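> Next up, protein_24.txt (compact mmCIF, N, CA and C atoms and all ligand atoms).
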# COMPACT_ATOMS: atom_id res chain seq x y z
N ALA Q 1 -14.02 -26.74 -0.73
CA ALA Q 1 -14.19 -26.59 -2.19
C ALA Q 1 -14.00 -25.19 -2.68
N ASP Q 2 -13.91 -25.04 -4.02
CA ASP Q 2 -13.90 -23.73 -4.59
C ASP Q 2 -15.29 -23.30 -4.92
N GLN Q 3 -16.11 -24.22 -5.45
CA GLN Q 3 -17.51 -24.09 -5.73
C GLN Q 3 -18.38 -24.44 -4.57
N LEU Q 4 -19.49 -23.70 -4.49
CA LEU Q 4 -20.41 -23.75 -3.39
C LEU Q 4 -21.33 -24.92 -3.45
N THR Q 5 -21.77 -25.39 -2.26
CA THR Q 5 -22.69 -26.47 -2.07
C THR Q 5 -24.11 -26.00 -2.08
N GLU Q 6 -25.15 -26.82 -2.29
CA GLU Q 6 -26.52 -26.40 -2.28
C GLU Q 6 -26.89 -25.80 -0.97
N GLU Q 7 -26.41 -26.24 0.21
CA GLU Q 7 -26.56 -25.59 1.47
C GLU Q 7 -25.96 -24.23 1.60
N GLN Q 8 -24.79 -23.96 0.99
CA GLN Q 8 -24.24 -22.65 1.11
C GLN Q 8 -24.92 -21.67 0.21
N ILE Q 9 -25.37 -22.08 -0.99
CA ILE Q 9 -26.07 -21.23 -1.90
C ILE Q 9 -27.44 -20.91 -1.39
N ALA Q 10 -28.08 -21.93 -0.79
CA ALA Q 10 -29.31 -21.72 -0.09
C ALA Q 10 -29.27 -20.59 0.88
N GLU Q 11 -28.27 -20.59 1.78
CA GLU Q 11 -28.09 -19.56 2.76
C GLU Q 11 -27.55 -18.27 2.25
N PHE Q 12 -26.92 -18.26 1.07
CA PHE Q 12 -26.42 -17.05 0.50
C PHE Q 12 -27.54 -16.44 -0.27
N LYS Q 13 -28.57 -17.18 -0.73
CA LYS Q 13 -29.91 -16.79 -1.06
C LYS Q 13 -30.70 -16.28 0.09
N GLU Q 14 -30.76 -16.84 1.31
CA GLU Q 14 -31.48 -16.34 2.44
C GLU Q 14 -30.90 -15.05 2.93
N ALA Q 15 -29.57 -14.90 2.89
CA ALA Q 15 -28.91 -13.67 3.24
C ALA Q 15 -29.16 -12.59 2.25
N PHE Q 16 -29.25 -12.91 0.94
CA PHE Q 16 -29.41 -11.97 -0.12
C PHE Q 16 -30.62 -11.12 0.04
N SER Q 17 -31.79 -11.75 0.22
CA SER Q 17 -33.10 -11.21 0.44
C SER Q 17 -33.13 -10.50 1.75
N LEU Q 18 -32.46 -11.00 2.81
CA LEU Q 18 -32.55 -10.35 4.08
C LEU Q 18 -32.03 -8.95 4.06
N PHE Q 19 -30.98 -8.72 3.25
CA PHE Q 19 -30.23 -7.51 3.14
C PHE Q 19 -30.97 -6.50 2.33
N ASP Q 20 -31.88 -6.97 1.46
CA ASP Q 20 -32.50 -6.11 0.50
C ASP Q 20 -33.62 -5.36 1.14
N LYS Q 21 -33.52 -4.02 1.10
CA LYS Q 21 -34.44 -3.07 1.66
C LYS Q 21 -35.63 -2.89 0.79
N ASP Q 22 -35.44 -2.88 -0.54
CA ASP Q 22 -36.54 -2.66 -1.43
C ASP Q 22 -37.36 -3.88 -1.68
N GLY Q 23 -36.67 -5.03 -1.55
CA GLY Q 23 -37.20 -6.33 -1.83
C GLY Q 23 -37.12 -6.69 -3.27
N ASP Q 24 -36.14 -6.24 -4.07
CA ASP Q 24 -36.00 -6.62 -5.44
C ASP Q 24 -35.08 -7.79 -5.55
N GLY Q 25 -34.22 -7.87 -6.57
CA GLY Q 25 -33.17 -8.82 -6.79
C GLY Q 25 -31.85 -8.18 -7.03
N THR Q 26 -31.66 -6.90 -6.64
CA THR Q 26 -30.41 -6.22 -6.71
C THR Q 26 -30.01 -5.61 -5.41
N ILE Q 27 -28.74 -5.78 -4.98
CA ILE Q 27 -28.29 -5.12 -3.80
C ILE Q 27 -27.59 -3.87 -4.23
N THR Q 28 -27.88 -2.76 -3.52
CA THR Q 28 -27.17 -1.53 -3.68
C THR Q 28 -26.03 -1.38 -2.74
N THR Q 29 -25.35 -0.22 -2.80
CA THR Q 29 -24.39 0.22 -1.84
C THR Q 29 -24.90 0.38 -0.45
N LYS Q 30 -26.15 0.84 -0.28
CA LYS Q 30 -26.75 1.38 0.90
C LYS Q 30 -27.17 0.24 1.77
N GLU Q 31 -27.72 -0.81 1.13
CA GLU Q 31 -28.23 -2.05 1.61
C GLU Q 31 -27.11 -2.84 2.20
N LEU Q 32 -25.99 -3.05 1.48
CA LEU Q 32 -24.91 -3.82 2.00
C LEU Q 32 -24.07 -3.20 3.06
N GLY Q 33 -23.86 -1.87 3.05
CA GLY Q 33 -23.16 -1.14 4.06
C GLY Q 33 -23.83 -1.12 5.39
N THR Q 34 -25.16 -1.33 5.45
CA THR Q 34 -25.93 -1.41 6.65
C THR Q 34 -25.67 -2.69 7.36
N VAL Q 35 -25.42 -3.80 6.64
CA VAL Q 35 -25.02 -5.06 7.18
C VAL Q 35 -23.59 -4.98 7.58
N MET Q 36 -22.69 -4.45 6.73
CA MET Q 36 -21.33 -4.20 7.11
C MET Q 36 -21.09 -3.36 8.32
N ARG Q 37 -21.95 -2.36 8.61
CA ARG Q 37 -21.90 -1.64 9.84
C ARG Q 37 -22.34 -2.50 10.98
N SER Q 38 -23.36 -3.37 10.86
CA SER Q 38 -23.75 -4.26 11.90
C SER Q 38 -22.86 -5.42 12.19
N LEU Q 39 -22.00 -5.78 11.22
CA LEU Q 39 -21.02 -6.80 11.46
C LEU Q 39 -19.71 -6.29 11.95
N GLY Q 40 -19.68 -4.96 12.07
CA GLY Q 40 -18.63 -4.38 12.86
C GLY Q 40 -17.65 -3.45 12.21
N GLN Q 41 -17.90 -3.17 10.92
CA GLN Q 41 -17.03 -2.41 10.08
C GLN Q 41 -17.55 -1.01 10.06
N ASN Q 42 -16.96 -0.17 9.19
CA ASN Q 42 -17.47 1.12 8.84
C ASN Q 42 -16.88 1.61 7.56
N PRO Q 43 -17.25 1.03 6.46
CA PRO Q 43 -17.01 1.63 5.18
C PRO Q 43 -18.08 2.65 4.95
N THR Q 44 -17.78 3.59 4.04
CA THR Q 44 -18.65 4.51 3.38
C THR Q 44 -19.10 3.88 2.11
N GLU Q 45 -20.17 4.46 1.54
CA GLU Q 45 -20.75 4.08 0.29
C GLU Q 45 -19.77 4.02 -0.83
N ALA Q 46 -18.78 4.93 -0.79
CA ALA Q 46 -17.74 5.12 -1.75
C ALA Q 46 -16.74 4.02 -1.79
N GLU Q 47 -16.37 3.54 -0.58
CA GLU Q 47 -15.43 2.49 -0.33
C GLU Q 47 -16.22 1.27 -0.64
N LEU Q 48 -17.54 1.15 -0.41
CA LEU Q 48 -18.35 0.08 -0.90
C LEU Q 48 -18.41 0.03 -2.39
N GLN Q 49 -18.73 1.13 -3.10
CA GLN Q 49 -18.93 1.15 -4.52
C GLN Q 49 -17.70 0.78 -5.27
N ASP Q 50 -16.54 0.93 -4.62
CA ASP Q 50 -15.29 0.52 -5.17
C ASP Q 50 -15.30 -0.97 -5.31
N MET Q 51 -15.38 -1.75 -4.22
CA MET Q 51 -15.28 -3.17 -4.23
C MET Q 51 -16.46 -3.81 -4.88
N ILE Q 52 -17.53 -3.04 -5.13
CA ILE Q 52 -18.68 -3.50 -5.84
C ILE Q 52 -18.38 -3.65 -7.29
N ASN Q 53 -17.89 -2.53 -7.86
CA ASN Q 53 -17.47 -2.36 -9.22
C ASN Q 53 -16.48 -3.39 -9.63
N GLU Q 54 -15.51 -3.87 -8.83
CA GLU Q 54 -14.51 -4.81 -9.23
C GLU Q 54 -15.19 -6.10 -9.55
N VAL Q 55 -16.10 -6.52 -8.65
CA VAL Q 55 -16.69 -7.82 -8.64
C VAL Q 55 -17.96 -8.02 -9.39
N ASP Q 56 -18.46 -6.92 -9.98
CA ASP Q 56 -19.54 -6.85 -10.92
C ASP Q 56 -19.18 -7.58 -12.17
N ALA Q 57 -19.96 -8.60 -12.57
CA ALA Q 57 -19.88 -9.42 -13.73
C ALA Q 57 -20.38 -8.70 -14.94
N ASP Q 58 -21.65 -8.28 -14.82
CA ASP Q 58 -22.32 -7.46 -15.79
C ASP Q 58 -21.81 -6.08 -15.99
N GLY Q 59 -21.30 -5.49 -14.89
CA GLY Q 59 -20.60 -4.24 -14.86
C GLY Q 59 -21.41 -3.25 -14.08
N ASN Q 60 -22.71 -3.49 -13.82
CA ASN Q 60 -23.60 -2.39 -13.60
C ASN Q 60 -23.39 -1.58 -12.36
N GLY Q 61 -22.69 -2.13 -11.36
CA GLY Q 61 -22.47 -1.50 -10.09
C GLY Q 61 -23.50 -1.88 -9.08
N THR Q 62 -24.53 -2.72 -9.27
CA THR Q 62 -25.42 -3.31 -8.31
C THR Q 62 -25.19 -4.78 -8.29
N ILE Q 63 -25.45 -5.43 -7.14
CA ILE Q 63 -24.99 -6.75 -6.86
C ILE Q 63 -26.13 -7.66 -7.15
N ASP Q 64 -25.98 -8.56 -8.14
CA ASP Q 64 -26.90 -9.61 -8.46
C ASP Q 64 -26.47 -10.83 -7.72
N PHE Q 65 -27.28 -11.90 -7.71
CA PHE Q 65 -26.97 -13.11 -7.02
C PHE Q 65 -25.81 -13.92 -7.50
N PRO Q 66 -25.44 -14.10 -8.74
CA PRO Q 66 -24.26 -14.85 -9.04
C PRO Q 66 -23.03 -14.09 -8.70
N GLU Q 67 -23.10 -12.79 -8.37
CA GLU Q 67 -21.97 -12.00 -7.99
C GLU Q 67 -21.91 -11.89 -6.51
N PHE Q 68 -23.05 -12.13 -5.84
CA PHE Q 68 -23.02 -12.33 -4.42
C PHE Q 68 -22.46 -13.69 -4.17
N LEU Q 69 -22.72 -14.71 -5.01
CA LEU Q 69 -22.17 -16.01 -4.79
C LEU Q 69 -20.71 -16.01 -5.11
N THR Q 70 -20.27 -15.34 -6.19
CA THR Q 70 -18.89 -15.00 -6.34
C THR Q 70 -18.28 -14.19 -5.24
N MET Q 71 -18.96 -13.23 -4.59
CA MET Q 71 -18.36 -12.49 -3.52
C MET Q 71 -18.19 -13.38 -2.33
N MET Q 72 -19.31 -13.97 -1.88
CA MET Q 72 -19.38 -14.60 -0.60
C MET Q 72 -18.65 -15.90 -0.66
N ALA Q 73 -18.50 -16.68 -1.75
CA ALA Q 73 -17.55 -17.71 -2.01
C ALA Q 73 -16.14 -17.32 -1.69
N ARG Q 74 -15.71 -16.18 -2.25
CA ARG Q 74 -14.37 -15.72 -2.09
C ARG Q 74 -14.07 -15.28 -0.69
N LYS Q 75 -15.08 -14.78 0.05
CA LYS Q 75 -15.06 -14.60 1.46
C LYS Q 75 -14.93 -15.83 2.29
N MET Q 76 -16.02 -16.62 2.39
CA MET Q 76 -16.29 -17.76 3.21
C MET Q 76 -15.33 -18.88 3.06
N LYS Q 77 -14.49 -18.89 2.01
CA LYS Q 77 -13.55 -19.95 1.79
C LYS Q 77 -12.30 -19.62 2.53
N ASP Q 78 -11.79 -18.40 2.27
CA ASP Q 78 -10.70 -17.74 2.91
C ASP Q 78 -10.86 -17.56 4.38
N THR Q 79 -11.76 -16.68 4.87
CA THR Q 79 -11.86 -16.40 6.27
C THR Q 79 -12.47 -17.53 7.03
N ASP Q 80 -11.76 -18.09 8.02
CA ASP Q 80 -12.23 -18.90 9.10
C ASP Q 80 -11.91 -18.18 10.36
N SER Q 81 -12.93 -17.82 11.16
CA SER Q 81 -12.85 -17.42 12.53
C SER Q 81 -12.46 -15.99 12.67
N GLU Q 82 -11.29 -15.69 12.09
CA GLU Q 82 -10.39 -14.59 12.27
C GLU Q 82 -9.17 -15.00 13.04
N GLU Q 83 -9.44 -15.95 13.95
CA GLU Q 83 -8.45 -16.76 14.58
C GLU Q 83 -7.59 -17.58 13.69
N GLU Q 84 -8.08 -18.09 12.55
CA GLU Q 84 -7.31 -18.74 11.54
C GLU Q 84 -6.31 -17.85 10.88
N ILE Q 85 -6.66 -16.57 10.72
CA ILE Q 85 -5.86 -15.53 10.13
C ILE Q 85 -4.72 -15.23 11.03
N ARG Q 86 -5.05 -15.08 12.32
CA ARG Q 86 -4.02 -14.85 13.29
C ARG Q 86 -3.02 -15.95 13.39
N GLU Q 87 -3.43 -17.21 13.58
CA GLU Q 87 -2.46 -18.26 13.58
C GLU Q 87 -1.69 -18.42 12.32
N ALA Q 88 -2.22 -18.00 11.15
CA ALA Q 88 -1.57 -18.16 9.89
C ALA Q 88 -0.65 -17.01 9.64
N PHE Q 89 -0.92 -15.84 10.24
CA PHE Q 89 -0.03 -14.73 10.40
C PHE Q 89 1.20 -15.07 11.17
N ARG Q 90 1.12 -15.74 12.34
CA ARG Q 90 2.19 -16.16 13.19
C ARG Q 90 2.70 -17.53 12.90
N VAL Q 91 2.32 -18.13 11.76
CA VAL Q 91 2.97 -19.20 11.08
C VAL Q 91 3.87 -18.47 10.14
N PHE Q 92 3.43 -17.44 9.39
CA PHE Q 92 4.17 -16.70 8.41
C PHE Q 92 5.29 -15.92 9.01
N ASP Q 93 5.06 -15.28 10.18
CA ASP Q 93 6.13 -14.68 10.90
C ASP Q 93 7.09 -15.67 11.46
N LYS Q 94 8.36 -15.71 11.03
CA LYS Q 94 9.19 -16.83 11.38
C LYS Q 94 9.48 -16.92 12.84
N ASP Q 95 10.20 -15.97 13.45
CA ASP Q 95 10.48 -15.85 14.85
C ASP Q 95 9.21 -15.77 15.62
N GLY Q 96 8.25 -14.95 15.17
CA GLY Q 96 6.99 -14.79 15.83
C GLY Q 96 6.63 -13.61 16.66
N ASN Q 97 7.62 -12.72 16.87
CA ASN Q 97 7.54 -11.61 17.77
C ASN Q 97 6.79 -10.43 17.25
N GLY Q 98 6.46 -10.27 15.95
CA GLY Q 98 5.74 -9.10 15.56
C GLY Q 98 5.46 -9.21 14.10
N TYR Q 99 6.53 -8.98 13.32
CA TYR Q 99 6.26 -8.58 11.97
C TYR Q 99 6.70 -9.60 10.98
N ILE Q 100 6.04 -9.77 9.82
CA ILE Q 100 6.58 -10.59 8.78
C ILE Q 100 7.43 -9.73 7.91
N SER Q 101 8.77 -9.77 7.95
CA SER Q 101 9.65 -9.06 7.08
C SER Q 101 9.46 -9.46 5.66
N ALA Q 102 9.65 -8.58 4.66
CA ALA Q 102 9.76 -8.90 3.27
C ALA Q 102 10.39 -10.21 2.93
N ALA Q 103 11.49 -10.55 3.62
CA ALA Q 103 12.19 -11.79 3.52
C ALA Q 103 11.46 -13.01 3.99
N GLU Q 104 10.89 -12.88 5.20
CA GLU Q 104 10.08 -13.95 5.71
C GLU Q 104 8.89 -14.15 4.84
N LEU Q 105 8.12 -13.11 4.46
CA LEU Q 105 6.97 -13.11 3.61
C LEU Q 105 7.25 -13.70 2.26
N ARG Q 106 8.47 -13.49 1.73
CA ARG Q 106 8.69 -14.04 0.43
C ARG Q 106 8.75 -15.53 0.49
N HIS Q 107 9.64 -15.97 1.39
CA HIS Q 107 9.82 -17.38 1.55
C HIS Q 107 8.56 -18.13 1.83
N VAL Q 108 7.63 -17.77 2.73
CA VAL Q 108 6.47 -18.56 3.05
C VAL Q 108 5.38 -18.43 2.05
N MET Q 109 5.27 -17.32 1.30
CA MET Q 109 4.30 -17.20 0.26
C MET Q 109 4.74 -17.87 -1.00
N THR Q 110 6.06 -17.94 -1.25
CA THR Q 110 6.63 -18.88 -2.16
C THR Q 110 6.50 -20.33 -1.84
N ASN Q 111 6.53 -20.83 -0.60
CA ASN Q 111 6.20 -22.17 -0.25
C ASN Q 111 4.76 -22.57 -0.34
N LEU Q 112 3.87 -21.57 -0.31
CA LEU Q 112 2.46 -21.75 -0.36
C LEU Q 112 1.98 -22.07 -1.74
N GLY Q 113 2.36 -21.30 -2.78
CA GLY Q 113 2.12 -21.65 -4.14
C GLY Q 113 2.52 -20.80 -5.30
N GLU Q 114 2.21 -19.50 -5.43
CA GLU Q 114 2.77 -18.60 -6.39
C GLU Q 114 4.15 -18.23 -6.00
N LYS Q 115 5.11 -18.24 -6.94
CA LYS Q 115 6.49 -17.96 -6.66
C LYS Q 115 6.65 -16.49 -6.76
N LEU Q 116 7.24 -15.83 -5.75
CA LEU Q 116 7.37 -14.41 -5.72
C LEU Q 116 8.83 -14.09 -5.77
N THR Q 117 9.20 -13.02 -6.48
CA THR Q 117 10.55 -12.57 -6.60
C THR Q 117 10.67 -11.50 -5.57
N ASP Q 118 11.79 -10.76 -5.48
CA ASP Q 118 11.89 -9.76 -4.45
C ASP Q 118 10.97 -8.59 -4.53
N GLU Q 119 10.85 -8.15 -5.79
CA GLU Q 119 10.10 -6.97 -6.10
C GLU Q 119 8.63 -7.24 -6.11
N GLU Q 120 8.21 -8.48 -6.39
CA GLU Q 120 6.86 -8.94 -6.29
C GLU Q 120 6.46 -8.93 -4.85
N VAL Q 121 7.30 -9.29 -3.87
CA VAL Q 121 7.09 -9.23 -2.46
C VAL Q 121 7.05 -7.81 -2.01
N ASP Q 122 8.07 -6.95 -2.24
CA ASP Q 122 8.04 -5.54 -1.99
C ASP Q 122 6.79 -4.84 -2.37
N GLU Q 123 6.19 -5.13 -3.54
CA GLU Q 123 5.03 -4.48 -4.08
C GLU Q 123 3.75 -4.80 -3.40
N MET Q 124 3.64 -6.04 -2.89
CA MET Q 124 2.59 -6.56 -2.07
C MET Q 124 2.54 -5.86 -0.76
N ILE Q 125 3.71 -5.74 -0.12
CA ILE Q 125 3.99 -4.98 1.06
C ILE Q 125 3.75 -3.51 0.94
N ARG Q 126 4.38 -2.78 0.01
CA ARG Q 126 4.44 -1.37 -0.18
C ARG Q 126 3.12 -0.69 -0.20
N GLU Q 127 2.09 -1.26 -0.87
CA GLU Q 127 0.79 -0.68 -1.00
C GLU Q 127 0.10 -0.67 0.32
N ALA Q 128 0.42 -1.60 1.23
CA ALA Q 128 -0.19 -1.68 2.52
C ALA Q 128 0.61 -1.16 3.67
N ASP Q 129 1.84 -0.66 3.45
CA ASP Q 129 2.85 -0.55 4.45
C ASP Q 129 2.75 0.87 4.89
N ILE Q 130 2.30 1.18 6.12
CA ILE Q 130 2.16 2.47 6.70
C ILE Q 130 3.46 3.01 7.20
N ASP Q 131 4.34 2.29 7.92
CA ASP Q 131 5.60 2.80 8.36
C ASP Q 131 6.58 3.17 7.30
N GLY Q 132 6.55 2.32 6.26
CA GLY Q 132 7.59 2.33 5.27
C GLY Q 132 8.66 1.44 5.78
N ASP Q 133 8.42 0.38 6.57
CA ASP Q 133 9.46 -0.28 7.30
C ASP Q 133 9.91 -1.46 6.51
N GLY Q 134 9.13 -1.98 5.55
CA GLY Q 134 9.52 -3.10 4.74
C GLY Q 134 9.06 -4.40 5.30
N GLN Q 135 8.42 -4.29 6.47
CA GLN Q 135 7.73 -5.36 7.12
C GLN Q 135 6.25 -5.17 7.08
N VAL Q 136 5.46 -6.26 7.10
CA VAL Q 136 4.04 -6.41 7.19
C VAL Q 136 3.55 -6.84 8.53
N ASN Q 137 2.72 -6.04 9.22
CA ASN Q 137 2.23 -6.33 10.54
C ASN Q 137 0.88 -6.94 10.40
N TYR Q 138 0.28 -7.26 11.56
CA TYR Q 138 -0.99 -7.92 11.60
C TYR Q 138 -2.11 -7.11 11.04
N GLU Q 139 -2.31 -5.83 11.37
CA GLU Q 139 -3.28 -4.97 10.76
C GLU Q 139 -2.88 -4.66 9.36
N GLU Q 140 -1.61 -4.59 8.94
CA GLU Q 140 -1.25 -4.35 7.57
C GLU Q 140 -1.55 -5.59 6.81
N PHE Q 141 -1.29 -6.84 7.24
CA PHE Q 141 -1.50 -8.15 6.73
C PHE Q 141 -2.96 -8.31 6.47
N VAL Q 142 -3.83 -7.99 7.44
CA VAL Q 142 -5.25 -8.11 7.27
C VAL Q 142 -5.93 -7.20 6.30
N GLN Q 143 -5.37 -5.99 6.23
CA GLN Q 143 -5.51 -5.14 5.08
C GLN Q 143 -5.00 -5.49 3.73
N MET Q 144 -3.76 -6.02 3.70
CA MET Q 144 -3.15 -6.56 2.53
C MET Q 144 -3.85 -7.73 1.93
N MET Q 145 -4.19 -8.74 2.76
CA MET Q 145 -4.81 -9.90 2.19
C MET Q 145 -6.18 -9.67 1.64
N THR Q 146 -6.81 -8.59 2.13
CA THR Q 146 -8.11 -8.15 1.72
C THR Q 146 -8.15 -7.64 0.32
N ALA Q 147 -7.01 -7.08 -0.12
CA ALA Q 147 -6.94 -6.25 -1.28
C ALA Q 147 -6.68 -7.01 -2.53
N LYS Q 148 -5.48 -7.60 -2.69
CA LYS Q 148 -5.03 -8.35 -3.82
C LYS Q 148 -4.54 -9.71 -3.37
CA CA K 201 -32.39 -3.52 -3.49
CA CA K 202 -24.15 -6.60 -11.35
CA CA K 203 9.82 -11.59 11.81
CA CA K 204 4.72 -1.87 8.16
Would you mind writing the file's structure down as structure tokens?

Amino acid sequence: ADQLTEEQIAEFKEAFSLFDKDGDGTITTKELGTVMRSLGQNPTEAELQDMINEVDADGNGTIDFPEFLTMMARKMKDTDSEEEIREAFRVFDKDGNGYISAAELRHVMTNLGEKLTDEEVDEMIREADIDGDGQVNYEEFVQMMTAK
């Protein structure tokens, strides 16, 4: 589904409180980055406050529960395993040997649902593309899909 079930909201409520250091109803930068460090990442507060601000409904820069449900919905629907990402990466890569070229990426993301033109594909790539090679790799892909 796109919308959450009473079981998932329940648990996104149990997670919400668990994360909260003060015990209020707002998550800060500091609170969530501590979980993000334990789940294996390492953003800074700054890199946190960025993605906080985008997803803020009210605007305030602290995370309320309907914006955690909006966050974690958008997470939990998309990501399965991480293994799902990998196999879907090497579904997208036509030959399969490494990289999804601009060409390959256009065609399969156009078959998926939004129609992309050349420059729409280039632009998706370019912001994430470290080599400047015009291809999207697995770490660039995982970075790219995270962003827009
Ligand atoms: Ca708090
Ligand atoms: Ca807010
Ligand atoms: Ca390829
Ligand atoms: Ca690249």
> Scan for residues within 8 Å of the point (4.7, -5.5, 5.0) in the coordinates of the file, using all atoms listed in the file, and reply as a short mmCIF file (atom, residue, chain, number, x, y, z; two decimals) with N, CA and C atoms, in the frame of the given file.

data_model
loop_
_atom_site.label_atom_id
_atom_site.label_comp_id
_atom_site.auth_asym_id
_atom_site.auth_seq_id
_atom_site.Cartn_x
_atom_site.Cartn_y
_atom_site.Cartn_z
N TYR Q 99 6.53 -8.98 13.32
CA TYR Q 99 6.26 -8.58 11.97
C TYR Q 99 6.70 -9.60 10.98
N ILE Q 100 6.04 -9.77 9.82
CA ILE Q 100 6.58 -10.59 8.78
C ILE Q 100 7.43 -9.73 7.91
N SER Q 101 8.77 -9.77 7.95
CA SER Q 101 9.65 -9.06 7.08
C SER Q 101 9.46 -9.46 5.66
N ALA Q 102 9.65 -8.58 4.66
CA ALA Q 102 9.76 -8.90 3.27
C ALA Q 102 10.39 -10.21 2.93
N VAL Q 121 7.30 -9.29 -3.87
CA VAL Q 121 7.09 -9.23 -2.46
C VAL Q 121 7.05 -7.81 -2.01
N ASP Q 122 8.07 -6.95 -2.24
CA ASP Q 122 8.04 -5.54 -1.99
C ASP Q 122 6.79 -4.84 -2.37
N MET Q 124 3.64 -6.04 -2.89
CA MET Q 124 2.59 -6.56 -2.07
C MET Q 124 2.54 -5.86 -0.76
N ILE Q 125 3.71 -5.74 -0.12
CA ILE Q 125 3.99 -4.98 1.06
C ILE Q 125 3.75 -3.51 0.94
N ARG Q 126 4.38 -2.78 0.01
CA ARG Q 126 4.44 -1.37 -0.18
C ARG Q 126 3.12 -0.69 -0.20
N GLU Q 127 2.09 -1.26 -0.87
CA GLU Q 127 0.79 -0.68 -1.00
C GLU Q 127 0.10 -0.67 0.32
N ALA Q 128 0.42 -1.60 1.23
CA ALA Q 128 -0.19 -1.68 2.52
C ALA Q 128 0.61 -1.16 3.67
N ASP Q 129 1.84 -0.66 3.45
CA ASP Q 129 2.85 -0.55 4.45
C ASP Q 129 2.75 0.87 4.89
N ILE Q 130 2.30 1.18 6.12
CA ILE Q 130 2.16 2.47 6.70
C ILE Q 130 3.46 3.01 7.20
N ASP Q 133 8.42 0.38 6.57
CA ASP Q 133 9.46 -0.28 7.30
C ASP Q 133 9.91 -1.46 6.51
N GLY Q 134 9.13 -1.98 5.55
CA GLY Q 134 9.52 -3.10 4.74
C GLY Q 134 9.06 -4.40 5.30
N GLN Q 135 8.42 -4.29 6.47
CA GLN Q 135 7.73 -5.36 7.12
C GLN Q 135 6.25 -5.17 7.08
N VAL Q 136 5.46 -6.26 7.10
CA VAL Q 136 4.04 -6.41 7.19
C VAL Q 136 3.55 -6.84 8.53
N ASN Q 137 2.72 -6.04 9.22
CA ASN Q 137 2.23 -6.33 10.54
C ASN Q 137 0.88 -6.94 10.40
N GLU Q 140 -1.61 -4.59 8.94
CA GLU Q 140 -1.25 -4.35 7.57
C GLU Q 140 -1.55 -5.59 6.81
N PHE Q 141 -1.29 -6.84 7.24
CA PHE Q 141 -1.50 -8.15 6.73
C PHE Q 141 -2.96 -8.31 6.47
#
> Enter the distance from CA of residue 142 (chain Q) to CA of residue 82 (chain Q), in Å, rounded to one decimal.
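Rounded to one decimal, the two atoms are 9.7 Å apart.
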> Considering only C-alpha atoms, return as an NGL selection string whatever protein or nucleic-acid residues lie within 8 Å of region 47-53 of chain Q, sequence-local ones (same chain, fewer than 6 positions apart) excluded.
:Q and (29 or 33 or 59-63)
> Within 8 Å of ligand CA 201 (chain K), counting only N, CA and C atoms and all ligand atoms: which residues, as a list in words?
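Written in the requested form, the residues are residues 19, 20, 21, 22, 23, 24, 25, 26, 27, 28, 29 and 31 of chain Q.
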> Could those residues be written to a file, using N, CA and C atoms, as a compact mmCIF listing (two decimals), in the coordinates of the input?

# COMPACT_ATOMS: atom_id res chain seq x y z
N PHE Q 19 -30.98 -8.72 3.25
CA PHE Q 19 -30.23 -7.51 3.14
C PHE Q 19 -30.97 -6.50 2.33
N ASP Q 20 -31.88 -6.97 1.46
CA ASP Q 20 -32.50 -6.11 0.50
C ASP Q 20 -33.62 -5.36 1.14
N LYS Q 21 -33.52 -4.02 1.10
CA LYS Q 21 -34.44 -3.07 1.66
C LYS Q 21 -35.63 -2.89 0.79
N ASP Q 22 -35.44 -2.88 -0.54
CA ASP Q 22 -36.54 -2.66 -1.43
C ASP Q 22 -37.36 -3.88 -1.68
N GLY Q 23 -36.67 -5.03 -1.55
CA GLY Q 23 -37.20 -6.33 -1.83
C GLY Q 23 -37.12 -6.69 -3.27
N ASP Q 24 -36.14 -6.24 -4.07
CA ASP Q 24 -36.00 -6.62 -5.44
C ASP Q 24 -35.08 -7.79 -5.55
N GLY Q 25 -34.22 -7.87 -6.57
CA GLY Q 25 -33.17 -8.82 -6.79
C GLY Q 25 -31.85 -8.18 -7.03
N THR Q 26 -31.66 -6.90 -6.64
CA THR Q 26 -30.41 -6.22 -6.71
C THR Q 26 -30.01 -5.61 -5.41
N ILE Q 27 -28.74 -5.78 -4.98
CA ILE Q 27 -28.29 -5.12 -3.80
C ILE Q 27 -27.59 -3.87 -4.23
N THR Q 28 -27.88 -2.76 -3.52
CA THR Q 28 -27.17 -1.53 -3.68
C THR Q 28 -26.03 -1.38 -2.74
N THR Q 29 -25.35 -0.22 -2.80
CA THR Q 29 -24.39 0.22 -1.84
C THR Q 29 -24.90 0.38 -0.45
N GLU Q 31 -27.72 -0.81 1.13
CA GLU Q 31 -28.23 -2.05 1.61
C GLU Q 31 -27.11 -2.84 2.20
> Determine which residues of chain Q DSSP labels as strand (DSSP E) from the backbone of this structure, then write them out as a list in words.
residues 100, 101, 135 and 136 of chain Q
> Using all atoms listed in the file, find the one residue out of Q:65, Q:146, Q:108, Q:132 that sits nearest to residue 16 (chain Q).
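The closest residue to residue 16 (chain Q) is Q:65.
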> If you count only N, CA and C atoms, which residues fall within 7 Å of region 68-78 of chain Q, apart from same-chain ones fewer than 4 positions away, as a PyMOL selection string?
chain Q and resi 1-2+4+12+63-64
> In Å, rounded to a single decimal, give me how far CA of residue 7 (chain Q) is from CA of residue 112 (chain Q).
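Computing it gives 29.3 Å between the two atoms.
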> Looking at only C-alpha atoms, which of Q:17, Q:97, Q:143, Q:3 is the one that sits closest to residue 85 (chain Q)?
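Smallest distance to residue 85 (chain Q) is found for Q:143.
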